[PDB]
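Student: One file is attached below, coords.cif, containing mmCIF, C-alpha atoms (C1' of nucleotides) and all ligand atoms.
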```
data_data
loop_
_atom_site.label_atom_id
_atom_site.label_comp_id
_atom_site.auth_asym_id
_atom_site.auth_seq_id
_atom_site.Cartn_x
_atom_site.Cartn_y
_atom_site.Cartn_z
CA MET A 1 136.07 -38.26 127.63
CA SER A 2 138.12 -38.59 130.83
CA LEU A 3 141.48 -40.19 131.56
CA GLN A 4 142.79 -42.37 134.34
CA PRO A 5 146.45 -43.16 135.12
CA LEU A 6 147.01 -46.91 135.29
CA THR A 7 149.93 -48.99 136.55
CA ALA A 8 151.05 -52.30 135.05
CA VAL A 9 151.45 -54.48 138.15
CA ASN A 10 154.29 -56.31 136.40
CA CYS A 11 155.48 -57.11 132.87
CA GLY A 12 156.17 -53.50 131.92
CA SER A 13 158.90 -54.05 129.34
CA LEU A 14 157.19 -56.21 126.69
CA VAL A 15 155.33 -53.36 124.97
CA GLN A 16 156.88 -51.34 122.18
CA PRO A 17 155.78 -48.01 120.69
CA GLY A 18 154.32 -49.83 117.67
CA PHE A 19 151.84 -52.59 118.45
CA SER A 20 148.24 -53.64 117.82
CA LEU A 21 145.12 -54.00 119.95
CA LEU A 22 142.40 -56.45 118.85
CA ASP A 23 139.18 -56.72 120.85
CA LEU A 24 137.38 -59.87 119.73
CA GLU A 25 134.71 -61.86 121.58
CA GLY A 26 134.99 -60.14 124.93
CA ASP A 27 138.58 -59.84 126.08
CA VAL A 28 141.25 -57.64 124.49
CA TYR A 29 144.33 -59.17 122.88
CA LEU A 30 147.55 -57.24 122.40
CA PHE A 31 149.78 -58.17 119.46
CA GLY A 32 153.44 -57.34 118.92
CA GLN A 33 156.10 -57.44 121.62
CA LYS A 34 159.65 -56.22 122.05
CA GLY A 35 162.01 -59.07 121.28
CA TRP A 36 161.14 -62.51 120.03
CA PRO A 37 158.58 -64.57 121.97
CA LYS A 38 160.01 -65.18 125.40
CA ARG A 39 159.57 -68.73 126.65
CA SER A 40 157.08 -67.45 129.24
CA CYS A 41 154.60 -67.31 126.35
CA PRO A 42 155.81 -68.73 123.01
CA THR A 43 152.48 -67.50 121.64
CA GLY A 44 153.61 -63.90 121.19
CA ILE A 45 150.14 -62.52 121.97
CA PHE A 46 148.83 -61.34 125.33
CA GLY A 47 145.44 -61.14 126.95
CA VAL A 48 144.89 -57.82 128.66
CA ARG A 49 142.90 -56.96 131.78
CA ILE A 50 142.28 -53.68 133.60
CA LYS A 51 141.46 -54.16 137.30
CA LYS A 52 141.45 -51.12 139.62
CA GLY A 53 143.99 -49.28 137.49
CA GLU A 54 146.15 -52.41 137.55
CA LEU A 55 147.21 -53.59 134.10
CA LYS A 56 147.40 -57.39 134.00
CA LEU A 57 148.79 -59.37 131.07
CA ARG A 58 147.96 -63.06 130.68
CA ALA A 59 149.47 -65.64 128.34
CA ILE A 60 147.46 -67.17 125.49
CA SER A 61 147.80 -70.20 123.22
CA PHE A 62 146.79 -71.39 119.77
CA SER A 63 145.52 -74.75 118.55
CA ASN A 64 147.63 -77.64 117.34
CA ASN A 65 146.46 -77.14 113.73
CA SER A 66 147.28 -73.41 114.00
CA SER A 67 150.24 -71.50 112.59
CA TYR A 68 152.69 -69.66 114.85
CA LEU A 69 153.25 -66.00 113.99
CA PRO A 70 156.17 -63.56 114.27
CA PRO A 71 155.27 -60.53 116.40
CA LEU A 72 154.80 -57.99 113.60
CA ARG A 73 155.55 -54.39 114.51
CA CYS A 74 153.00 -52.03 112.90
CA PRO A 75 150.91 -54.12 110.52
CA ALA A 76 147.58 -53.43 108.87
CA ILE A 77 144.45 -54.69 110.62
CA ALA A 78 140.98 -55.64 109.39
CA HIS A 79 138.08 -56.70 111.63
CA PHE A 80 136.28 -59.02 109.22
CA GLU A 81 132.73 -59.15 110.55
CA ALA A 82 131.31 -62.37 112.01
CA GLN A 83 129.87 -64.35 109.15
CA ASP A 84 130.02 -67.58 107.17
CA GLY A 85 131.96 -69.41 106.76
CA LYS A 86 134.14 -68.51 109.75
CA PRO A 87 132.91 -65.88 112.23
CA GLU A 88 134.62 -63.78 113.31
CA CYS A 89 137.93 -63.01 111.57
CA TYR A 90 140.84 -60.65 112.16
CA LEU A 91 142.98 -60.19 109.04
CA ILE A 92 146.56 -58.99 109.56
CA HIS A 93 149.23 -58.20 106.97
CA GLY A 94 152.03 -57.78 107.26
CA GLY A 95 153.97 -55.56 109.65
CA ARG A 96 157.68 -55.52 110.40
CA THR A 97 159.55 -58.38 112.04
CA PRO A 98 161.32 -57.69 115.37
CA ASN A 99 164.29 -59.08 113.56
CA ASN A 100 164.10 -55.85 111.58
CA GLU A 101 162.53 -56.94 108.29
CA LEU A 102 159.18 -57.14 106.50
CA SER A 103 156.90 -60.09 105.77
CA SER A 104 154.53 -59.84 102.81
CA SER A 105 152.75 -62.81 104.40
CA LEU A 106 149.10 -62.52 105.42
CA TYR A 107 147.56 -64.09 108.53
CA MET A 108 143.91 -64.73 109.39
CA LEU A 109 142.98 -65.02 113.07
CA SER A 110 139.96 -66.33 114.94
CA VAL A 111 139.01 -67.59 118.39
CA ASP A 112 138.66 -71.32 119.00
CA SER A 113 136.97 -72.07 122.36
CA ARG A 114 136.95 -71.57 126.14
CA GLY A 115 137.68 -71.94 128.87
CA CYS A 116 137.88 -74.34 130.44
CA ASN A 117 138.77 -71.74 133.12
CA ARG A 118 137.84 -68.61 131.11
CA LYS A 119 141.10 -69.19 129.26
CA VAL A 120 140.95 -68.37 125.55
CA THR A 121 142.18 -70.58 122.71
CA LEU A 122 142.99 -68.99 119.33
CA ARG A 123 143.69 -70.09 115.76
CA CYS A 124 145.93 -68.65 113.03
CA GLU A 125 146.03 -69.50 109.33
CA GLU A 126 148.26 -68.21 106.59
CA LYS A 127 146.92 -67.65 103.09
CA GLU A 128 148.87 -68.10 99.92
CA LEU A 129 148.36 -64.99 97.81
CA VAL A 130 147.58 -65.61 94.13
CA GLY A 131 148.80 -62.34 92.66
CA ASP A 132 149.60 -59.61 91.81
CA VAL A 133 150.43 -59.67 95.53
CA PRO A 134 151.54 -56.36 97.05
CA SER A 135 155.19 -56.62 98.03
CA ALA A 136 156.09 -56.35 101.70
CA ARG A 137 155.28 -53.00 103.30
CA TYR A 138 154.25 -51.42 106.60
CA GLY A 139 152.06 -48.61 107.87
CA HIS A 140 149.57 -49.43 105.09
CA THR A 141 145.89 -50.07 105.74
CA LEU A 142 143.75 -53.14 105.12
CA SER A 143 139.96 -52.92 105.31
CA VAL A 144 136.93 -55.12 104.68
CA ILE A 145 134.02 -54.19 102.41
CA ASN A 146 130.77 -55.99 101.55
CA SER A 147 129.63 -55.34 97.96
CA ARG A 148 126.60 -56.95 96.29
CA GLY A 149 126.75 -58.74 98.57
CA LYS A 150 130.02 -60.59 98.91
CA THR A 151 132.97 -59.78 101.16
CA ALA A 152 136.27 -58.44 99.82
CA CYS A 153 139.41 -56.83 101.25
CA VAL A 154 140.96 -53.52 100.20
CA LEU A 155 144.67 -52.89 100.76
CA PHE A 156 146.24 -49.49 100.25
CA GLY A 157 149.01 -47.27 101.53
CA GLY A 158 152.20 -47.80 103.46
CA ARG A 159 155.86 -47.46 102.52
CA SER A 160 158.72 -49.92 102.24
CA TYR A 161 162.50 -50.23 102.20
CA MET A 162 164.43 -49.24 99.08
CA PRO A 163 163.62 -51.08 95.83
CA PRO A 164 165.82 -54.19 95.74
CA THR A 165 168.04 -52.90 92.93
CA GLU A 166 168.61 -49.68 94.92
CA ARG A 167 169.21 -51.48 98.23
CA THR A 168 172.23 -49.50 99.36
CA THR A 169 174.21 -50.14 102.54
CA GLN A 170 174.22 -46.47 103.55
CA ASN A 171 170.59 -46.04 102.42
CA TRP A 172 169.49 -49.41 103.84
CA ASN A 173 167.39 -48.24 106.81
CA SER A 174 165.77 -45.50 104.72
CA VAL A 175 162.20 -46.09 103.56
CA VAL A 176 160.24 -44.65 100.63
CA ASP A 177 156.51 -44.43 100.03
CA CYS A 178 155.28 -47.50 98.22
CA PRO A 179 153.65 -46.72 94.83
CA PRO A 180 149.88 -45.96 95.06
CA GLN A 181 148.11 -48.94 93.48
CA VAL A 182 145.35 -50.48 95.58
CA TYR A 183 144.88 -54.23 95.98
CA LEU A 184 141.66 -56.23 96.06
CA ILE A 185 141.73 -59.57 97.89
CA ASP A 186 139.20 -62.36 98.25
CA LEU A 187 139.61 -64.20 101.55
CA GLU A 188 138.93 -67.33 99.48
CA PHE A 189 140.56 -67.84 97.24
CA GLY A 190 143.63 -65.78 98.08
CA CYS A 191 143.56 -64.34 94.56
CA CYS A 192 145.06 -60.86 94.94
CA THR A 193 144.54 -58.23 92.24
CA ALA A 194 146.25 -54.89 91.64
CA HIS A 195 144.32 -51.81 90.56
CA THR A 196 145.42 -48.32 89.54
CA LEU A 197 143.95 -44.96 90.52
CA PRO A 198 144.62 -41.94 88.27
CA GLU A 199 143.78 -39.55 91.14
CA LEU A 200 145.98 -41.17 93.82
CA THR A 201 149.32 -40.06 92.42
CA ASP A 202 151.28 -40.73 95.62
CA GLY A 203 151.70 -43.30 98.38
CA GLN A 204 151.22 -42.56 102.06
CA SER A 205 151.38 -44.17 105.49
CA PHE A 206 149.74 -44.18 108.93
CA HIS A 207 146.48 -42.88 107.43
CA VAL A 208 143.67 -44.48 109.40
CA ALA A 209 141.01 -45.65 106.96
CA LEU A 210 137.39 -46.60 107.54
CA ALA A 211 134.96 -48.84 105.69
CA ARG A 212 131.17 -48.85 105.62
CA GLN A 213 128.71 -50.48 103.22
CA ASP A 214 131.41 -51.32 100.65
CA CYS A 215 132.61 -47.69 100.62
CA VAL A 216 136.00 -46.63 101.99
CA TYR A 217 137.11 -43.29 103.44
CA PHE A 218 140.75 -42.38 104.12
CA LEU A 219 141.49 -39.78 106.77
CA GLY A 220 145.00 -38.71 107.65
CA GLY A 221 147.54 -39.19 104.92
CA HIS A 222 151.01 -38.13 106.05
CA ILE A 223 153.48 -38.47 103.19
CA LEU A 224 157.27 -38.59 103.09
CA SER A 225 157.87 -37.38 99.52
CA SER A 226 156.36 -33.92 100.12
CA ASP A 227 156.55 -33.57 103.95
CA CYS A 228 152.83 -32.88 103.84
CA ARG A 229 149.84 -33.90 105.94
CA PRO A 230 147.00 -33.36 103.46
CA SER A 231 143.85 -33.14 105.55
CA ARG A 232 141.73 -33.79 102.42
CA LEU A 233 139.77 -37.00 102.95
CA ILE A 234 139.72 -39.60 100.12
CA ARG A 235 136.65 -41.55 99.35
CA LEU A 236 136.41 -44.56 97.08
CA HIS A 237 133.57 -46.88 96.13
CA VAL A 238 133.76 -50.42 94.72
CA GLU A 239 131.16 -52.69 93.10
CA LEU A 240 132.05 -56.36 93.07
CA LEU A 241 131.07 -57.62 89.61
CA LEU A 242 132.24 -61.01 88.34
CA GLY A 243 134.84 -60.84 87.29
CA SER A 244 135.43 -57.09 86.91
CA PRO A 245 135.53 -55.50 90.40
CA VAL A 246 134.76 -51.98 89.23
CA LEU A 247 136.32 -49.22 91.32
CA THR A 248 135.94 -45.44 91.55
CA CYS A 249 137.53 -42.72 93.67
CA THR A 250 136.79 -39.12 94.70
CA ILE A 251 138.42 -36.27 96.62
CA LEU A 252 136.81 -34.66 99.65
CA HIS A 253 137.40 -30.98 100.30
CA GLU A 254 138.12 -31.40 104.02
CA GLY A 255 139.25 -34.11 106.41
CA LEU A 256 141.82 -33.64 109.16
CA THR A 257 145.61 -33.38 109.62
CA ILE A 258 145.94 -36.59 111.63
CA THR A 259 148.92 -38.94 111.65
CA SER A 260 148.83 -42.47 113.09
CA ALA A 261 145.45 -42.02 114.74
CA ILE A 262 143.63 -44.09 117.37
CA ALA A 263 140.10 -44.97 116.22
CA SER A 264 137.49 -45.93 118.81
CA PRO A 265 134.17 -47.25 117.47
CA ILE A 266 131.62 -46.42 120.17
CA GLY A 267 128.36 -46.90 118.32
CA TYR A 268 127.80 -48.95 115.21
CA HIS A 269 129.35 -45.96 113.42
CA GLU A 270 129.89 -43.29 116.10
CA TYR A 271 133.67 -43.05 115.84
CA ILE A 272 136.13 -40.90 117.72
CA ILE A 273 139.56 -40.27 116.32
CA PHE A 274 141.58 -39.85 119.46
CA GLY A 275 145.07 -38.57 118.82
CA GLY A 276 148.32 -38.81 116.96
CA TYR A 277 150.43 -35.92 115.73
CA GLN A 278 149.02 -32.82 114.03
CA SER A 279 152.45 -31.57 112.85
CA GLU A 280 156.02 -32.87 112.71
CA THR A 281 156.57 -32.17 116.41
CA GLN A 282 153.16 -30.79 117.41
CA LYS A 283 151.19 -33.79 118.61
CA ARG A 284 147.41 -33.64 118.31
CA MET A 285 145.87 -32.65 121.64
CA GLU A 286 142.19 -32.45 120.75
CA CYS A 287 139.76 -35.26 120.05
CA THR A 288 137.52 -35.54 117.02
CA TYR A 289 134.16 -37.20 116.44
CA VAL A 290 133.03 -38.61 113.10
CA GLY A 291 129.56 -39.87 112.33
CA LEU A 292 129.62 -42.38 109.48
CA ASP A 293 126.55 -42.62 107.26
CA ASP A 294 125.74 -43.17 103.61
CA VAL A 295 125.54 -39.37 103.68
CA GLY A 296 129.22 -39.69 104.55
CA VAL A 297 131.60 -38.29 107.13
CA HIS A 298 130.05 -35.82 109.57
CA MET A 299 132.60 -33.91 111.61
CA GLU A 300 132.55 -32.46 115.11
CA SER A 301 134.76 -32.07 118.16
CA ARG A 302 134.49 -33.10 121.79
CA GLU A 303 136.22 -31.92 124.92
CA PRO A 304 139.86 -33.01 125.05
CA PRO A 305 140.20 -34.75 128.41
CA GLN A 306 142.79 -32.61 130.19
CA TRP A 307 146.23 -34.08 129.56
CA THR A 308 148.33 -34.05 132.71
CA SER A 309 151.39 -31.87 132.06
CA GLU A 310 153.40 -35.09 131.78
CA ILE A 311 151.63 -36.25 128.61
CA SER A 312 150.71 -32.75 127.40
CA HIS A 313 154.46 -31.96 127.43
CA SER A 314 155.69 -35.42 126.40
CA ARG A 315 157.41 -35.34 123.02
CA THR A 316 155.79 -38.50 121.60
CA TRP A 317 152.98 -40.89 122.45
CA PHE A 318 150.70 -43.54 120.96
CA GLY A 319 148.03 -46.04 121.89
CA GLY A 320 145.26 -48.32 120.74
CA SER A 321 141.51 -48.78 120.81
CA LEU A 322 140.35 -50.69 123.86
CA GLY A 323 137.03 -50.19 122.05
CA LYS A 324 133.55 -49.00 123.02
CA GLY A 325 134.39 -45.49 124.19
CA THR A 326 137.49 -46.82 125.96
CA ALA A 327 141.04 -46.63 124.61
CA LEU A 328 144.58 -46.92 125.97
CA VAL A 329 147.52 -44.58 125.46
CA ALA A 330 151.13 -44.80 126.59
CA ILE A 331 153.82 -42.29 127.48
CA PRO A 332 157.59 -42.76 127.21
CA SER A 333 158.78 -42.10 130.78
CA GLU A 334 162.04 -40.64 132.04
CA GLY A 335 164.09 -41.54 135.09
CA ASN A 336 167.39 -41.22 136.95
CA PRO A 337 168.00 -44.08 136.91
CA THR A 338 165.33 -45.61 134.67
CA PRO A 339 162.70 -47.60 136.64
CA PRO A 340 163.02 -49.05 133.75
CA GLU A 341 159.21 -49.17 133.46
CA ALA A 342 159.55 -46.20 131.12
CA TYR A 343 155.91 -46.22 129.97
CA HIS A 344 153.02 -44.71 131.85
CA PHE A 345 149.48 -45.60 130.84
CA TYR A 346 146.36 -43.47 130.57
CA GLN A 347 143.06 -45.29 130.14
CA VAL A 348 140.71 -42.89 128.38
CA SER A 349 136.94 -43.17 128.25
CA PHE A 350 134.17 -41.64 126.20
CA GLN A 351 131.03 -40.44 128.01
"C1'" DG B 1 128.98 -75.19 150.00
"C1'" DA B 2 132.67 -78.98 148.00
"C1'" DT B 3 135.81 -79.13 144.00
"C1'" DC B 4 138.65 -78.06 140.58
"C1'" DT B 5 142.50 -75.68 137.76
"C1'" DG B 6 145.05 -72.03 135.29
"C1'" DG B 7 147.79 -68.61 136.53
"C1'" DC B 8 150.65 -66.47 139.67
"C1'" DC B 9 154.97 -66.25 143.45
"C1'" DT B 10 159.05 -68.10 145.62
"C1'" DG B 11 162.59 -70.27 145.12
"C1'" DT B 12 165.99 -72.12 141.64
"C1'" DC B 13 169.84 -72.36 138.53
"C1'" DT B 14 172.48 -69.96 134.50
"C1'" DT B 15 174.25 -66.84 131.43
"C1'" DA B 16 176.26 -61.86 131.65
"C1'" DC B 17 179.26 -57.24 134.19
"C1'" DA B 18 182.35 -53.90 136.17
"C1'" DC B 19 189.07 -54.21 138.39
"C1'" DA B 20 192.75 -50.74 135.42
"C1'" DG B 21 196.41 -47.87 135.91
"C1'" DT B 22 199.67 -45.69 138.49
"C1'" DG B 23 203.36 -44.90 141.24
"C1'" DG B 24 207.30 -46.86 144.17
"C1'" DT B 25 210.72 -50.98 144.49
"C1'" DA B 26 214.09 -54.58 143.03
"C1'" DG B 27 216.62 -57.91 140.71
"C1'" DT B 28 219.09 -58.43 136.84
"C1'" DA B 29 220.85 -58.81 132.22
"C1'" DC B 30 223.28 -55.52 129.23
"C1'" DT B 31 226.81 -51.72 128.51
"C1'" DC B 32 231.10 -47.44 129.09
"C1'" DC B 33 235.17 -45.00 132.58
"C1'" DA B 34 240.59 -44.86 132.09
"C1'" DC B 35 244.50 -47.00 130.40
"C1'" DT B 36 246.42 -48.34 126.39
"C1'" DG B 37 249.71 -49.42 120.49
"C1'" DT B 38 248.35 -50.80 115.90
"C1'" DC B 39 246.24 -51.05 111.39
"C1'" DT B 40 242.98 -49.91 107.36
"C1'" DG B 41 241.02 -46.96 104.74
"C1'" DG B 42 238.80 -42.75 103.34
"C1'" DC B 43 240.97 -38.19 102.46
"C1'" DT B 44 244.87 -35.60 98.75
"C1'" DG B 45 248.53 -32.45 94.31
"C1'" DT B 46 248.00 -34.70 88.54
"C1'" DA B 47 248.69 -38.25 84.74
"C1'" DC B 48 246.90 -42.42 82.80
"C1'" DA B 49 244.08 -45.33 80.65
"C1'" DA B 50 239.06 -47.78 80.13
"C1'" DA B 51 233.70 -47.77 79.53
"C1'" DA B 52 229.46 -45.63 77.75
"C1'" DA B 53 226.15 -43.76 75.09
"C1'" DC B 54 225.24 -40.37 71.69
"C1'" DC B 55 226.19 -37.47 67.34
"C1'" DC B 56 227.88 -37.41 62.98
"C1'" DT B 57 229.84 -40.01 59.02
"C1'" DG B 58 230.30 -43.56 55.61
"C1'" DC B 59 229.62 -47.40 53.49
"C1'" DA B 60 225.92 -50.64 52.40
"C1'" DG B 61 220.43 -51.71 51.13
CA CA C 1 181.54 -58.06 129.98
#
```
Translate the structure of the given file into structure tokens.
Tutor:
Amino acid sequence: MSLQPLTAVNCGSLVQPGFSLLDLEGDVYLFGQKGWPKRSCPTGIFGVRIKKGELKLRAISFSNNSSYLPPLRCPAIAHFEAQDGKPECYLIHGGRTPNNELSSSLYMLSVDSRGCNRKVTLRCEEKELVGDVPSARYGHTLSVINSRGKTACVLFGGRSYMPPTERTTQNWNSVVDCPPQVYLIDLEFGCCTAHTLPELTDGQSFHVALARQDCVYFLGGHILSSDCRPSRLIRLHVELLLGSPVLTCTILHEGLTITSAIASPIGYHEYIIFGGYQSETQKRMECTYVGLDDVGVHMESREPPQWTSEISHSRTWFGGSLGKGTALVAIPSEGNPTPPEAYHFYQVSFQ
DNA sequence: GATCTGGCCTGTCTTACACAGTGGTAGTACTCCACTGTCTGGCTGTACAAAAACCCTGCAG
């Protein structure tokens, strides 16, 4: 629980406030970049390295038989555990296009090989969605669950632009909470199913969810319709029966008022929720620790690593999970004139 | 310790971005001075005729 100011040696204008961090098979891969893929790296995905505070960003590449992806803005992420038939998978859907727009498409990502010089080759595959597909949305959450004993995907949350009939020029950029009906997805086949929940009467965004032993727990839960940040955690439990995937839900009395959190898994289930915003302008300073058992969530705090007055006074911030007690956060920087490297970086560590 | 190779640096070539706006100066194409004498067409006192659109009336249905 201590921070360290970094400096990106170069390439300090390709990161945008919304983006994703995926640690898979060693190195960390950043997804989502300001502007369309520059011809430096038509991949649109960067390898990251942290050497003596220096932030180094390398170019990556996919296969020939791989699909090429638009750099989604703030998609949903799922770390599908390494198993048959294809270990290990990263399921993404569906973010916002840098050409400002949504894609209800769903991508599956894996690693291919190495090096031959420690270089990393990747592979992307779209999936047609037999559904009952959820329309395009963003800020939602996708998760993986393993129920008796097969693997399925749970999709819930997020908002979207106006319904297409109500798409109004002067209400175009506005966005309303997508209706609260969860979606169950088999990775194969891409048969998507919709399901209703009589207790989840409202959509929500940016609520970091967690999955464990085919049981899902939603923390956070900021909502537009009521301007509320209901701390109350939401648990649900699914049993994958053929062909009725039975589903149940339940309210928890207490969770936490977190919005767009950064989740670092340190142990197999020792998680720390790092930061976000506790109120509409009041960012969350403190850290929080959650132990995740079949008993459930178990809550505690840690010491908040002292934020230098720069970040502690900065209006907004964000970051991602470098993983394993380590995470990255960024600060919108000022200047006269702008450097224009307007983002400082704090590498934060647990223990 | 020899070898190799992706990734990085230098140098390269290409597409953008401020330079308007303000005053003094000059050539130059377009317009009233005075002097003129003349003509048309509005003005004016009533009386005379000609159109116009209705309102009554009368015959007709
Ligand atoms: Ca210009």
Student: If you take all atoms listed in the file and a cut-off of 10 Å, which residues of chain A touch chain B, and what are their nearest atom pairs and distances in Å to one decimal, in chain and number order, as JSON lines?
Tutor:
```
{"residue": "A:58", "atom": "CA", "partner": "B:7", "partner_atom": "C1'", "distance": 8.1}
{"residue": "A:59", "atom": "CA", "partner": "B:7", "partner_atom": "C1'", "distance": 8.9}
{"residue": "A:115", "atom": "CA", "partner": "B:6", "partner_atom": "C1'", "distance": 9.8}
{"residue": "A:116", "atom": "CA", "partner": "B:5", "partner_atom": "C1'", "distance": 8.8}
{"residue": "A:117", "atom": "CA", "partner": "B:6", "partner_atom": "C1'", "distance": 6.7}
{"residue": "A:118", "atom": "CA", "partner": "B:6", "partner_atom": "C1'", "distance": 9.0}
{"residue": "A:119", "atom": "CA", "partner": "B:6", "partner_atom": "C1'", "distance": 7.7}
```
Student: Using all atoms listed in the file, which residues of the polymer chains come no farther than 8 Å from ligand CA 1 (chain C)? I'd like the answer as number ranges by chain.
Tutor: B: 16-18
Student: Which residues are near residue 160 (chain A)? Cut-off 7 Å, only C-alpha atoms (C1' of nucleotides), ignore same chain within fewer than 6 positions. Put them as a VMD selection string.
Tutor: chain A and resid 136 to 138 175 to 178
Student: Counting only C-alpha atoms (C1' of nucleotides), select every polymer residue within 8 Å of (152.2, -70.5, 123.4) as defined in the file's coordinates, and provide the selection as a list in words.
Tutor: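 Protein and nucleic acid residues near the point are residues 41, 42, 43, 44, 59, 60, 61 and 62 of chain A.
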Student: Using CA of residue 285 (chain A) and CA of residue 307 (chain A) as the two end points, give the distance in Å to one decimal.
Tutor: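 Atom-to-atom, CA of residue 285 (chain A) to CA of residue 307 (chain A), that is 8.1 Å.
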Student: Once 6 Å is added on each side, what centre and edge lengths in Å to one decimal does the axis-aligned box around all listed atoms of region 31-37 of chain B have, as JSON?
Tutor:
```
{"center_x": 238.3, "center_y": -48.3, "center_z": 126.5, "size_x": 34.9, "size_y": 18.9, "size_z": 24.1}
```
Student: What separation in Å, quoted to one decimal, exists between CA of residue 293 (chain A) and CA of residue 272 (chain A)?
Tutor: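 According to the coordinates, CA of residue 293 (chain A) and CA of residue 272 (chain A) are separated by 14.3 Å.
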Student: For the atom pair CA of residue 34 (chain A) and CA of residue 339 (chain A), what is the interatomic distance in Å to one decimal place?
Tutor: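 Computed distance, CA of residue 34 (chain A) to CA of residue 339 (chain A), equals 17.2 Å.
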Student: Select, from A:314, A:168, A:84, A:151, the residue with the minimum atom-to-atom distance to residue 282 (chain A), counting all atoms listed in the file.
Tutor: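 Between A:314, A:168, A:84, A:151, the residue approaching residue 282 (chain A) most closely is A:314.
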